[PDB]
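Residue numbers (PDB author numbering), protein chains in the order written: chain H, 2 to 96; chain F, 2 to 116.
Using N, Cα and C, we set each Cβ at its ideal position, and we do this for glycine too.
One structure is given below, encoded as structure tokens.
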Amino acid sequence: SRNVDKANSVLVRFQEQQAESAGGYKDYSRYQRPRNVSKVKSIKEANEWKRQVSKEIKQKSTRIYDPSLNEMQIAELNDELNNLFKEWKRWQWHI
Amino acid sequence: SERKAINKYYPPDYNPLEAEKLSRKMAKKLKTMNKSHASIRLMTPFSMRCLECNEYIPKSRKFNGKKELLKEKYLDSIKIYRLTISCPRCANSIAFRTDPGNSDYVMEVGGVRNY
RNA sequence: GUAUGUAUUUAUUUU
RNA sequence: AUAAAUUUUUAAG
RNA sequence: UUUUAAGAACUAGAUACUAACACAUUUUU
RNA sequence: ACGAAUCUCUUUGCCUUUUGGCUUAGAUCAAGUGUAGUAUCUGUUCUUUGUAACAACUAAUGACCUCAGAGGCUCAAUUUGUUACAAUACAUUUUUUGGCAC
RNA sequence: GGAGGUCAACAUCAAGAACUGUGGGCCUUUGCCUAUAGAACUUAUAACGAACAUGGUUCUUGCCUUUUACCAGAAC
Ligand SMILES: [Mg+2]
Ligand SMILES: [Mg+2]
Ligand SMILES: [Zn+2]
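Laid out in structure tokens, this is it:
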């Protein structure tokens with residue numbers, strides 16, 4: 002079974018739930034948006050959520066200019082860009 | 002660290018059902034567990050013809066491919082799945098359906114079957 | 001006998 | 001008038 | 001600007017991933 | 001007239017992007033299974049006193065002065081307390097537990 | 001100077017049944033013959049250990065898909 006199963010097991014999670022309470026781990030490479038901006042919390046945190054966006058801005062930004070030729074594909078990817086960049090705007094606005 | 006491993010060291014406290022609750026809360030926030038999607042390595046039973054580069058998946062070929070639980074449920078209750086496969090020559094996704102009533106597959110979106 | 005691989009730059013080097 | 005007694009498990013592929 | 005997810009409580013019960021391994025299957029009605 | 005040089009084409013020679021391994025041809029061309037290993041989830045409900053009067057208080061920019069950025073000065077309704085009034089009880093002669101109806 | 005030490009270093013401990021030194025004669029130092037002095041420790045149902053482990057190579061097997069890990073005999 003692919004490690005997708007093995008990384009999500011209880012014995013993996015529980016130590017993360019201890020590291021949140023005992024220290025400064027818990028990533029932000031895991032969770033998603035969180036959907037709403039104004040519901041985010043103290044600045045030292047949204048700081049990391051923001052880079053957790055800019056990185057994808059860089060990946061797909063590089064993924065723009067590529068000759069690989071799928072124009073419909075780069076169209077939807079282009080819209081995805083605009084969406085994310087708007088999110089970046091939102092995270093800045095909250096800060 | 003043996004492939005067949007009988008025991009796993011646990012922390013000295015570890016209320017197991019408590020970890021089931023807290024982990025059950027944790028299950029919502031993660032990106033992977035919630036993907037609604039799936040990835041499976043599989044074969045092509047009925048062969049293929051690509052509708053983009055007209056490439057032929059000749060009979061049965063390994064693929065890293067993607068399984069999805071379909072919102073349909075055959076009859077009152079039977080599961081029905083939809084699989085996707087990328088073409089080797091071009092970037093194109095072709096899909097399946099599994100008919101439980103008629104054992105054979107029926108397919109859509111990007112490929113045609115040879116007769 | 002549960003592959004494997006690529007990328008993951010935050011702190012701004014003198015005109 | 002017979003006293004005759006073998007073994008035993010782990011990893012990797 | 002836009003947007004709604006997160007927390008508490010309750011329920012009954014089985015399902016996914018892997019195939020590298022072995023495939024005379026034989027045979028009594 | 002031949003000697004000499006450049007350009008073009010044809011033939012011969014060289015051959016130029018000219019098959020880079022071994023094992024049972026490496027094995028097989030299936031309405032079919034066994035066996036071994038690893039890991040846990042889906043639904044519902046709930047949550048996200050009024051009026052009036054009196055008194056007190058409420059960051060940024062520019063300019064000037066002083067000291068070695070700080071200090072001072074000037075410039076483009078809300079809260080609290082007190083007082084008064086009104087609102088939040090019951091059936092036996094003057095009002096609302098009828099002496100009305102035909 | 002005596003007794004000791006859960007102190008050290010350096011020698012020696014498997015062989016013609018076997019050690020070492022010395023005197024004399026022959027060959028030409030070695031070696032052979034003869035004479036003499038001293039021999040701790042270990043050895044005859046053979047050995048320093050009145051005890052008892054593992055490893056390497058090579059063969060023979062035993063388990064038996066293959067390699068580590070192994071089964072039980074031998075030689076070095
Ligand atoms: Mg392998
Ligand atoms: Mg091998
Ligand atoms: Zn194609």
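Residues near F/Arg90 by beta carbon distance below 6 Å, same chain, minus five either side: Excluding the 5 residues flanking it on each side, F/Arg90 has same chain C-beta neighbours closer than 6 Å at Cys54, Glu56, in chain order.
Which chain F residues sit within Cβ distance under 8 Å of H/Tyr32? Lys30, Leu31, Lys32
Closest Cα partner of F/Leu76 within the set F/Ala6, F/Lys22, F/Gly102: F/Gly102
Could you give the distance in angstroms between the alpha-carbon of H/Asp28 and the alpha-carbon of F/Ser78? 41 Å
Can you name, in chain order, every residue of its own chain whose Cβ lies under 8 Å from the Cβ of H/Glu21, other than the five neighbours on each side? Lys27
Environment of F/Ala6 [buried if 16+ CB atoms lie within 10 Å]: exposed
Would you identify the three-state DSSP class for F/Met27, choosing helix, strand or coil? helix
Can you check DSSP and say which residues form a bridge with F/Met108? F/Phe97
Taking 8 Å as the cut-off, is the CB of H/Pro35 close to at least one heavy atom of ligand 3? no
Express the C-alpha separation of H/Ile96 and H/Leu82 in angstroms, rounding to a whole number. 21 Å
Whole beta strand (DSSP E) runs in the segment 43-106 of chain F with 3 or more residues, listed along the chain? For secondary structure counted as the beta strand (DSSP E) over 3 or more consecutive residues, the segment 43-106 of chain F holds these complete runs in sequence order: 64-70, 82-87, 94-99.
Give every residue whose Cβ lies closer than 6 Å to any heavy atom of ligand 3, listed in chain order. F/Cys51, F/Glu53, F/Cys54, F/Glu56, F/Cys88, F/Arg90, F/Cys91, F/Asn93
Under 9 Å from the C-beta of H/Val54: neighbouring residues of chain F: Near H/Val54 there are no residues of chain F at all, since even the closest Cβ is about 14 Å away, more than 9 Å.
Let's test the definition: count the other Cβ atoms within 10 Å of the Cβ of F/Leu84 and tell me whether it reaches 16, buried, or not, exposed. buried
Taking a cut of 9 Å between CB atoms, which residues from the segment 45-67 of chain F lie near chain H? The segment 45-67 of chain F vs chain H, Cβ under 9 Å: nothing.
Does the Cβ of H/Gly24 have 16 or more other Cβ atoms within 10 Å, making it buried, or fewer, making it exposed? H/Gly24 is exposed by the Cβ-count criterion.
Own chain residues within Cβ distance below 7 Å of H/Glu88, not counting five before or after: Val54
Which same chain residues, not among the five before or five after H/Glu57, have their C-beta less than 7 Å away from its C-beta? Closer than 7 Å at the Cβ level, and outside the excluded window around H/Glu57, lie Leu85.
The alpha helix (DSSP H) spanning H/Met73 covers which residue range? Per DSSP, H/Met73 belongs to the alpha helix (DSSP H) from 72-95.
Please state if the CB of F/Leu43 and the CB of H/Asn9 are separated by a distance shorter than 9 Å. no
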